[PDB]
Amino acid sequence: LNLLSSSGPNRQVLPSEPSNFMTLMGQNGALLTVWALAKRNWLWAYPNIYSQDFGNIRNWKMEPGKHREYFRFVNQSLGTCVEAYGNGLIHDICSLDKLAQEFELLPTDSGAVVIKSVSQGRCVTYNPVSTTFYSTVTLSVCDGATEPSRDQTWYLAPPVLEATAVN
């Protein structure tokens, strides 16, 4: 395309929208994601390599919650929110008044974070090692364990999207 049109500079495409999203990545590379699309279904964690067909349901927009120091996660594709429910996480209609959709992220000394459900007082747990495509995501006591069958550390990572260089 032309960087200069006959009457003035012409705006090239360089999306800012992708900057608003990210992924929550486990130590095994698995990304917290919606699987069954209908609301209230359980969330799981699949690495990009085993979920290319999932698309943007794997990306989330992290925003401050209603309460100070808490965050909520809005799905890029579905617009629903991560919500603590029973012994795991689901996605449902967003509401700043639902404490179950608010999370406190506790930094670790490696720079990773532990995700704590504020309504439950429990942390998002998963099994790094799996005989299948995914890690099972649950909520359990926050001990910061980092074992093959039980880990609670997550990385705040780039979204799985085409990236545009800004150098």
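So that there is no doubt, residue numbering starts at 1 and follows the sequence shown.
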Assert higher mean C-alpha B factor (130-138 or 60-68, deposited values) equals 60-68
Of 23-31 and 97-105, the one with larger mean CA B-factor:
97-105
Based on the entry's values, in what third of the chain does the Cα temperature factor of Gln120 lie: lowest, middle or highest?
middle
B-factor third for the C-alpha atom of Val114 within its chain:
middle
Check where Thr164 lands among this chain's C-alpha B-factors and tell me if it's the lowest, middle or highest third.
lowest
Considering only modelled residues of the same chain, in which third does the CA B-factor of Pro18 rank: lowest, middle or highest?
middle
